[PDB]
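Each chain is listed here by its residues.
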Amino acid sequence: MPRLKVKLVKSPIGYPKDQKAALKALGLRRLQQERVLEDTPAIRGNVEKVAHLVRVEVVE
Amino acid sequence: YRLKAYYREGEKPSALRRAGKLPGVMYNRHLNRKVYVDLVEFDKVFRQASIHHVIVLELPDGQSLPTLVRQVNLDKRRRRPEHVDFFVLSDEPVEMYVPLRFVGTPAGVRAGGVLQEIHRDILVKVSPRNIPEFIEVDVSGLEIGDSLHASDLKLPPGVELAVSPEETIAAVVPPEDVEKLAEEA
Amino acid sequence: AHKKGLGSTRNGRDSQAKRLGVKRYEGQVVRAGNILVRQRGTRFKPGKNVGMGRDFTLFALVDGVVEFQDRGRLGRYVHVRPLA
Amino acid sequence: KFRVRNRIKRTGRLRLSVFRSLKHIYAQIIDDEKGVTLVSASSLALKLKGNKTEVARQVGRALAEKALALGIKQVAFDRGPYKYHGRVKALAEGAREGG
Amino acid sequence: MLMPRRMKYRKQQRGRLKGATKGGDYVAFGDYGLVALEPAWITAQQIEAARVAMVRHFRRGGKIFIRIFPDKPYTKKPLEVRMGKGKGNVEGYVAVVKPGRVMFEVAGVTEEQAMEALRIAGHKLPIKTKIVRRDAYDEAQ
RNA sequence: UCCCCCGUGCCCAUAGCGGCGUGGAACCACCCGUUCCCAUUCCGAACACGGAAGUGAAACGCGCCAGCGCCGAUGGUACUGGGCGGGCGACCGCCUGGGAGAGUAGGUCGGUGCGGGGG
RNA sequence: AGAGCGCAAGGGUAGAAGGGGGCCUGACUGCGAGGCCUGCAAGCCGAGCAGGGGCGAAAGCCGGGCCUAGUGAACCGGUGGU
RNA sequence: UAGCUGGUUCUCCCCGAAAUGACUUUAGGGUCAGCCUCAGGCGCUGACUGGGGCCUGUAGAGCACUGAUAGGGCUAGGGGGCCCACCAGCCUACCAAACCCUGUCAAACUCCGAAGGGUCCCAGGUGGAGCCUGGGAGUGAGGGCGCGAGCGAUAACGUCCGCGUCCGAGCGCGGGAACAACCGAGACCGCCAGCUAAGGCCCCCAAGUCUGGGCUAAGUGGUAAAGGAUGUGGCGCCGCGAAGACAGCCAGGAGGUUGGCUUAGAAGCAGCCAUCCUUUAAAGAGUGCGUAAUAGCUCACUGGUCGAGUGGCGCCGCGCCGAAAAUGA
């Protein structure tokens, strides 16, 4: 089960509630953030959620 | 008659169309996969036969599998072809429409009143060995306010019927002269 | 501006709409007395250890789990599994 | 057509399904849960007397004892078109308090 | 000129119009057919004017079938009377027309005849149109 | 443990409808009687009760057929989470994941669980 | 199941609520868990337990009405009564 | 007295509201509930999401009920009659109960009915999350933007709700020339340090007069339509041609006939119906023009010359016309 790390790309500032709450779920507080977080389809769901405001990678 | 054929797969619908080839499907009692072919030549062939006559599609699998069409589902908006269904033929009982040929100009006609037909194709069950190209039926002397239906039509022996047949095949009705402006009063 | 006639009305009225529907869905625990369905008709006929009253209401009769049910030629049903 | 779920009006808990023919009684004890039945007796299908009534009495009575003989207190009474004439077994003897 | 005959509610809501047309996109009837391209209403006034327009062009014609039916109220209020107060009045009866919808068919004429008939008539219609023959759609109840 | 009938339960019409054939040696049904219990808003039709030489007509039980009625893939369009556009506007297109309705082929005259009376 | 289901509408309804007769008066009293609903105050749901009853051989239901309108805090005072 | 107006003084450090829900002699006002706050109590529970299970009746779509509906059939029958009664019988380009076929309409119609959404358990989740008592609040004129329905006229910077977001309190920053809410973007201070967002890279102005292919000729670009056109350039189809087409250029361009009727006269030729056949390479019962009808011009059509491409039907990319207003463009 390889780890998943994301980079925050596009500002949270101006997006629906679920989006914001998701970011605030990911230990993600401001722009340009390498967030190294182990795989778990809950987290993944929360990725495909935030998928655009961010950038992804399954770093091992 | 002959058209090409192409075995379809798991490729997205939209693309196949906005590349060059309309997509399709075939099924017969058990045989069901996905298929497709060219547009322009397909449209040419169709415009002749379609669900009137028989199609023969020689397919890039080695054979020359002949079908009939069946159903022409379109996009409706700016209506035009977009995925049909094909029927893999055999020799078993099958219902289908036969384009009819109203031949001869009657008495209700020429008196003024013109045929307002009901059908230009009748549902009939046949063995695929009989090919009723088109029942070139009468309509010798239909009168104005006169009708014809049932088994009135000649049926090529074997090619049975498949309605009531009290299904009224056609009839002649009045014109629409400028005296229908007097109606406006 | 000419304010002459103007066709009035006699329509605008509704209802202090009470909130009606499946109050307790399945997988839910009840202590008996908890109503699971507030309905107008009998869209949900009584289930096992579920009761009904004057206003067509499926409520609890024990301490267990709401279980949903359908019976085409008998209607739809809502029950409560024991949990002993 | 005495369906009416006279069943339901007795589907409180634990049935006892009985019915008659031209000449033979069919007294049976059915338990639900899964559908499992239980206890039998028949006026002219237990190889018994040929007088509908009294046989039935005794037959129910036979079954009656059978009930307590295998651990039975009180149950229901599944009867369609009765006109309630007791069938003076009525399983009233019938342990159960039929009547 | 068509409408129902007093039925259910009088006033109803105009609403926005998408474009699935729900159905009605081939000939089956006549022989030549006028079908539309702009999502709008067909006006009973227009409706009659176009039907005429055809009839008018070809004296002693055939049979002109009308598929669509104008059965929707024009909620219209009076003039210079200030807002609020009541809905309007049912007025001008029309219909929903979503493009790719058959509206009228000509049968038993010249090619030229139905050409110019559908041409002029639809030319009088609240929008613009396409005029089609009768083929590629066959097989549809 | 099995082939048949019956008292009765489960799925919810692929069980229902309809033409054909059907079985009673037990079961089942008509049927024998209306005097004893009982009752018809009138008839013993219905429930009720005492009972034969017949019957298997109906009721019913079982088989065949799809003719009505029932279910119905596959594909692809609709519509749309959520993401970007384009047009004053009425409205339109690309992305992803979801994914009908109607129809097309085909399929359907049931499935099963119990307890007794028969061989 | 498209009729009746008191009276508007909607849901619901014969595996009855409808329709017939017999009997009766639970259109009970003392309560009431746990709920619906919810700014408050109101309104709405009900087993159960005791009494003492009505129906049915029973099993059983009965604390009005197929369901949602038919209504009015408090202060004032009349009322029979402890 | 004034539920109104007006004014209300020092500094930094932290969070940070609402313009709603009901209620009133209330609507520009107060209680309350939601939202801010600080102390003490609570401890993975909360926002969010993965899994399972459930409720739902919209977007579509369907016509099986509710009604609306267009066209034909079939017919109960209604105008009817032919024409006998204890009563019958056969009968229409009239209209019409129902049924059937042929399409279809719907917020208050529904056999079907999704994407969603709500919600109950398994688990991740450490966040100025969430929970519990408690004191002080301020709020209760909102506005904008997006899809979603109403109102309006599918008008209003109009209005009234729904989810959402910003302005409000972010008139702090970059774009958009300028520009509360459109794009980018959450501003402790300092830095003559680099990357990048939107948006740009001739210049005002900072950076490519970067590379390659395809378009347009009007200031289009630098703001409108239906509707009209031998504008331009690629795509697709459909007959014609070296046995000689396309255009022009020579010539033929006929007869019953003055077609039957209308019609004052209608002779291809103002209209009605027409729907010949015959001599012929070819001349139609006619393409427009011409007449008082006639005459006549011409065409259509085949061969003479000529000698290579032609006539047209749709689609698509950009324009052209359509297109007039008030101080200086």
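Residues numbered from 1 in each chain as written, not as in the entry; some residues may be left out. Chains lettered and ligands numbered in written order. Part of a larger assembly, values for the part shown. Heavy atoms only, no water.

This deposited entry lists X-ray crystallography as its structure determination method and 3.50 Å as its resolution.

As named in the PDB entry, chain D is 50S ribosomal protein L18, taken from Thermus thermophilus. Its PDB title, taken directly from the record, is "70S ribosome translocation intermediate GDPNP-I containing elongation factor EFG/GDPNP, mRNA, and tRNA bound in the pe*/E state". Under the UniProt heading Function, the entry covering chain D gives this text: "This is one of the proteins that bind and probably mediate the attachment of the 5S RNA into the large ribosomal subunit, where it forms part of the central protuberance." (UniProt positions renumbered as here; feature names shortened; annotations may be inferred.)

Per the PDB entry, chain C goes by 50S ribosomal protein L27 and derives from Thermus thermophilus. As stated in UniProt under Sequence similarities, the record for chain C gives "Belongs to the bacterial ribosomal protein bL27 family."

**Q** How would you sum up the overall build of chain C? Please name residues and give values.
**A** When its secondary structure is counted, chain C shows zero helices and seven strands. Reported as C-alpha extents along the three principal axes, the dimensions of chain C are approximately 80 × 30 × 25 Å. Residues classed as buried in chain C amount to 23% of the 84 residues present. When the accessible surface of chain C is summed, it comes to about 6,500 Å², and 48% of that surface belongs to carbon and sulfur atoms. For chain C, the separation between the mean place of its 19 positive charges and that of its 6 negative charges on side chains is 11 Å. (Helix = DSSP H or I, 4+ residues; strand = E, 2+ residues; numbered from the N terminus. Buried < 20%, exposed > 50% of the residue type's maximum accessible area, 1.4 Å probe, protein only. Areas by Shrake-Rupley, 256 points an atom, 1.4 Å probe, with all protein chains shown as cover. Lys, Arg positive; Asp, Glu negative; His and termini not counted. Charge placed at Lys NZ, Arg CZ, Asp CG, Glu CD.)

**Q** Explain the sheet that holds strand β5 (residues 102–107) of chain E to me, using residue names and the numbers behind them.
**A** Residue and element names in this part refer to chain E. Taken together, the four strands give an open sheet; going across it, the order is β3-β5-β1-β6, and neighbouring strands pair in antiparallel fashion. Of all the strands in the sheet, the pair left with one neighbour each is β3 (63–66) and β6 (129–132). Direction aside, the axes of adjacent strands within the sheet are offset by 20° on average. The sheet contact formed by strand β1 (residues 32–36) and β6 spans four bridges and is antiparallel. (Pairing = 2+ DSSP bridges. Axes fitted to C-alpha atoms, helices over the stretch in contact; angles between N-to-C directions.)

**Q** I'd love a proper account of the packing of helix α1 (residues 44–57) of chain E against helix α2 (residues 111–123) of chain E, names of residues and values included.
**A** Residue and element names in this part refer to chain E. Close contact between α1 and α2 brings their axes to 8 Å; oriented N to C, the two are set at 145°. With respect to the hand of their crossing, α1 and α2 are arranged in right-handed fashion. Of α2, the residues touching α1 (which contributes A50, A53, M54 and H57) are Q113, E116, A117, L118, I120 and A121. Grouping the constituent residues of the contact of α1 with α2 by class yields seven nonpolar, two polar and one charged. (Left-handed = near helix turned anticlockwise from the far one by under 90°. Contact = heavy atoms within 4.5 Å. Nonpolar A, V, L, I, M, F, W, Y, C, P; charged D, E, K, R; others polar.)

**Q** Which residues make up the interface of chain C and chain E, and what are the values?
**A** How big an interface is tends to be stated in terms of the accessible area lost upon association of its parts. With eight residues of chain C in contact, the opposing surface of chain E contributes six residues. Here chain C packs against chain E, burying approximately 640 Å² in sum over the two surfaces, 58% of which is carbon and sulfur. If you sort the residues of chain C by the area they bury against chain E, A1, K3 and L6 of chain C come out on top, with a joint share of 65%. In this structure, the connection of chain C to chain E is made through zero salt bridges. At the boundary of chain C with chain E, the tally comes to zero residue pairs in polar contact. Within the side of chain C that touches chain E, the residues separate by chemical class into two nonpolar, five polar and one charged. (Buried area = accessible area lost by both parts, 1.4 Å probe. Salt bridge = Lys/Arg side-chain N within 4 Å of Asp/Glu carboxyl O. Polar contact = N/O pair within 3.5 Å; in protein donor to acceptor, adjacent residues only side chain to side chain.)

**Q** I'd like a description of the protein's contact with RNA strand H, backed by residues and values.
**A** Close to RNA strand H lie 78 residues; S11 and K17 of chain A together with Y9, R16 and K87 of chain E are nearest. The side chain of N46 of chain A places a nitrogen or oxygen atom 2.8 Å from a sugar or linking oxygen of RNA strand H. Mapped by element, the contributors of at least two residues to the surface near RNA strand H are α1 (17–23) and α2 (41–50) of chain A together with β2 (40–43) and β3 of chain E. Sorting elements by how many residues they give to the surface near RNA strand H places α2 of chain A first, with seven residues. Its residues assigned to classes, the surface near RNA strand H shows 33 nonpolar, 19 polar and 26 charged. (Near = heavy atom within 4 Å.)

**Q** Any details on the protein's contact with RNA strand F? Residues and values, ideally.
**A** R17, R70 and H83 of chain B together with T37 and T53 of chain D are the nearest of the 52 residues found near RNA strand F. Considering the 4 Å shell around the protein, atoms of RNA strand F inside it are sugar or phosphate in 81% of instances. Contacts to RNA strand F include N73 of chain B, whose side-chain N or O atom sits 2.9 Å from a base nitrogen. Going through the elements one at a time, α1 (13–17), β3 (21–28), β7 (72–74) and β8 (81–84) of chain B, β6 (65–71) of chain C together with β1 (18–20), β2 (25–30) and α2 (52–69) of chain D are the ones with two or more residues in the surface near RNA strand F. Looking at the surface near RNA strand F, the element that brings in the most residues is β2 of chain D, giving three residues.

**Q** Give me the lowdown on the arrangement of the chains, citing residues and values where you can.
**A** The assembly contains two pairs of chains in contact; the pair sharing the most contacts is chains B and E. At the level of C-alpha atoms, the two units chain A and chain D stay apart, their nearest approach being 41 Å.

**Q** With reference to specific residues and values, describe the sheet that holds strand β2 (residues 6–7) of chain B.
**A** Here we have three strands laid out as an open sheet, ordered β2-β4-β3 (chain B), and antiparallel in their pairing. If you trace the sheet from one side to the other, it starts and ends with β2 and β3 of chain B, each paired once.

**Q** Break down the pattern of salt bridges for me, with residues and values.
**A** Scanning the entire structure with this criterion turns up 20 salt bridges over all chains. The salt bridge partner of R2 of chain B is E58 of chain B, with a shortest N-O separation of 3.9 Å. Within this pair, whereas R2 of chain B is found in strand β1 (residues 2–4), its partner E58 of chain B is found in strand β5 (residues 55–58), the two being separated by 56 residues in sequence. For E58 of chain B, a relative accessible area of 27% translates into the label partly exposed. One salt-bridge network, held together by shared partners, links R7, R10, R15 and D78 of chain D.

**Q** Please provide a residue-by-residue account of the environment of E105 of chain E, values included.
**A** Residues and elements named next belong to chain E. When you line up the elements, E105 lands in strand β5. What makes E105 buried here is its relative accessible area of 1%. With near-sequence residues (within four places) excluded, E105 lies in contact with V27, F29, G30, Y32, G33, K63, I64, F65, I66 and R67.

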